[PDB]
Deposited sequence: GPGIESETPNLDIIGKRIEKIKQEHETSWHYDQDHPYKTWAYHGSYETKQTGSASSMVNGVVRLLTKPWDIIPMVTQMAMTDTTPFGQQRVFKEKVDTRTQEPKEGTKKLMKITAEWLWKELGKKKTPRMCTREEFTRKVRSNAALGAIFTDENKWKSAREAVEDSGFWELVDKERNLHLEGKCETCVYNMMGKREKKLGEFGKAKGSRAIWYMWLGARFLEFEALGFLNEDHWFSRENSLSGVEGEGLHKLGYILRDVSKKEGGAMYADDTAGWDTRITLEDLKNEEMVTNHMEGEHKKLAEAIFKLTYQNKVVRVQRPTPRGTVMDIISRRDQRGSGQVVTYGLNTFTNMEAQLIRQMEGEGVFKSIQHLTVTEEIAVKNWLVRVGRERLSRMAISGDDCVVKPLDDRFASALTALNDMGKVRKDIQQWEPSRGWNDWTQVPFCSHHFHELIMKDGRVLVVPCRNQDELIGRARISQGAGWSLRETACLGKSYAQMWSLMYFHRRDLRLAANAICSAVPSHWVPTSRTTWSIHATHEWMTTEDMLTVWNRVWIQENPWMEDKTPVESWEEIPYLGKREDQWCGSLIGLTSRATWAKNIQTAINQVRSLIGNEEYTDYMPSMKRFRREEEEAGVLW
C-alpha cells in the first residue's frame, strides 16, 4: 500500500504545508483518504448559432433544446473478488488472448517525436493548466523533458512522484502532460499499432468508422447461431477488479528490455495503485487512493476495456456451451477443456462479436448464452436495467441491434447496390450539432464547427431527408473555402475541403470492401434516402408544417447567416437536391 503511494502523498502534503488537515467529516468509505488543502473555482456547454439559425423547426422540440441546458455515488461503490474458478477462467483466457493479439504485432515504445506531433494536431490527451499554459508550449521547452526524465528514472527504480489523477456514468481523470507521456511511451502501441483492429483482434472495430460498423454487424448476422445479444454493463469503469488489472498487465509478458520495465511501472504504480485529487465544495481538495477500477488515459482505457470485454464475453460464451459447470472451482479436466476450446474454436468465437471498449454485440452458438450469467455477474460485469438473474433479451434482426449509440439500415440504391448506413434518433444528431464545447470562439470558428457537423451528416446521415437539407444549407451559408474544425476529433473523412460528393464516392464505393461494382455516383440524386415512414420513425419532421416552411424558405435562412458572417465567397449547394433544382 503506502510504500507505493506515500512519496506522491508526502510531495502534495508539502506543496500546501500551511493547509494540510486530516478531516473526519470525509465522505469516503471505498476510497482511502489521506488529508486535504485549500482551493477554489468551477465548465458548461455553449450553443452554436450557425447550426441553430439553420435548424429553426427544432427550436420548439424539447429533446433538442434541453440537450444544450445544465452518478458520482457510483464511483464510491465496491466489487467483490471473483471466486477461484472465475479467476482461473479469466487468467487462462487473458494469457491466450494476449498471445493471439501479439501473433502478428510487436510491442514497442512510442516516442517524444510521436507524442509531440499528437499535441500539435490535437486528440484530447488530457493535460493541466501551473508551469506552461497549453500542452503545445510544454512540449517545445526542454525543462519539461527533464521533469519527464526525473520521473522516468524513478519508474525504472520502482517509485513514483508526480503521476496523480485529477477527478471531474462519466468520470474523467486528467493527469499532467508528463505522466500522460510516460503512459503513451509504454502503452501507446496498443492504439498507435491497431492491436484492436478487426483484422488483428477479430472482435475489435478500432479504426473501423461508422460507415463500416453496419457491414460488420451484418457479417456477424451471417454466422449460424441464436439471437444477437447486446447487454450494456452498469458503470463498466467502476467494475474493473484488481484481477482484471493483473490480467491486462500480462501484455508486459510480451515486451523486453526497458519497454517491459516501463510498462510494468505504469501498471504497478499508476493503475494497480492510484492517487486522485478531488474538489469538495463544503471548497477543498481531498487526496484519496484505491487499487481497483479504471483510470488510465481515455485511449489506453479504450484498448484495455476492449481486451477485458473480449475476455468476459468469450467466458460467457464458454458458460453457454457448458465448457465448465461451476465458477466455484475449475477441475483439472476443466482447465484442459477451457484451453482446448480456446485452441480449437477461440478465433471463430471472437469473430462472432463486435466489441468497442465497454460496448458489445455477441452472436453466440445458440440461445443458452441468454441465461449463462454466473461468470459474468461474478467477474462484476453486472448488466444495466435487467434483474441480476433474469435472462438477456435477444435481437432477432441485425438492423434493430444497438451498437456505439447507433442502429443500421439496409438501403438499396436505384442501381441495386447495397448501402448499410448508420442511424440514430434525429433529435440526438441535431441537438449535438447545436452545442459547442469551451468558449472564446470567433464567428469563423463557430461557422467551421457547424461545417464539420454538416459534412459528417452528408457522409454518414445522407439518407435522412432533414439532415441532407440542413447539411446543404450549412455548407451554403459558410464560405466555400473555410476549413472545418473540431476540439476533440471512428475515422473522420468529413474533416476536409474536398468536394463531399468525391469523399462519398471514395468512402461508400471505391474503398468499401462490400461493394463489388465500383461505378462512381455522378450526382447526389443517385444517392437514396430511407423510406418516408422509416425517416419519421427515426425522428424526421417531414409532414409537419414547421418543416415545410423551413425547406421552402431555406434560401432566406442561408442569406441570414451569410449577412452575419459578411462579404465572403459562398456556394449554393441547394440545387444538388431535386426540389431546389428549379
property	result
Unmodelled ranges, which are counted on the deposited sequence from position 1 and given in order	1-9, 52-53, 82-91, 151-153, 193-207, 322-324, 532-535, 629-637
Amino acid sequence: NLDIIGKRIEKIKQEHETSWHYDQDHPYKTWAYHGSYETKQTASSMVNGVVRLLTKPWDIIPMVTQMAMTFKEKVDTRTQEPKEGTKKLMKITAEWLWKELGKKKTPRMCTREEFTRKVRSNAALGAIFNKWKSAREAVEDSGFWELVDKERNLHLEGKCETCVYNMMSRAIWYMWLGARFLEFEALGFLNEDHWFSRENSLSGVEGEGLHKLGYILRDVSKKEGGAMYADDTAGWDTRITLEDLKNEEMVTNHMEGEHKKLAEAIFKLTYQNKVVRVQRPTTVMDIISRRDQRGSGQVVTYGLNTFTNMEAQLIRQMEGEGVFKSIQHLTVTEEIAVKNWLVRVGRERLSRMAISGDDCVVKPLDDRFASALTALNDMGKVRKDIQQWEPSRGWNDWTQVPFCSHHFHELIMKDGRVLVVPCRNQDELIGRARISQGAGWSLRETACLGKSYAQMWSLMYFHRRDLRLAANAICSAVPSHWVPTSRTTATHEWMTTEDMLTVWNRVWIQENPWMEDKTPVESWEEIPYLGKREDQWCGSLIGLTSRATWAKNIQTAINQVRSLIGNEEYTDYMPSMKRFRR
From here on, numbers count along this sequence of modelled residues.
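In this text, rigid core is short for the largest set of C-alphas that superpose within 1.5 Å between two forms.
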{"item": "Greatest C-alpha divergence in 9 other deposited structures of this protein once each structure is fitted on the rigid core, 448-456 or 287-295", "value": "448-456"}
{"item": "Stretch farther from the shown model on average in 9 other deposited structures of this protein, with CA RMS computed after core superposition (19-27, 559-567)", "value": "559-567"}
{"item": "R170 unmodelled in at least a third of other compared entries", "value": "yes"}
{"item": "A439 unmodelled in at least a third of other compared entries", "value": "no"}
{"item": "Mean C-alpha temperature factor, higher of 237-245 and 428-436", "value": "237-245"}
{"item": "Mean C-alpha temperature factor, higher of 328-336 and 439-447", "value": "328-336"}
{"item": "Member of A473, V251, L459, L147 with the greatest C-alpha B factor (per the PDB record)", "value": "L147"}
{"item": "Residue with highest C-alpha B-factor in the PDB entry, from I412, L182, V284, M353", "value": "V284"}
{"item": "Relative C-alpha B-factor of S221, binned into the chain's lowest, middle or highest third", "value": "middle"}
{"item": "Chain third (lowest, middle, highest) by recorded CA B-factor, residue given as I558", "value": "lowest"}
{"item": "Third of chain Cα B-factors occupied by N153", "value": "highest"}
{"item": "Relative C-alpha B-factor of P528, binned into the chain's lowest, middle or highest third", "value": "lowest"}
{"item": "Chain-wide C-alpha B factor ranking for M574, given as lowest, middle or highest third", "value": "middle"}
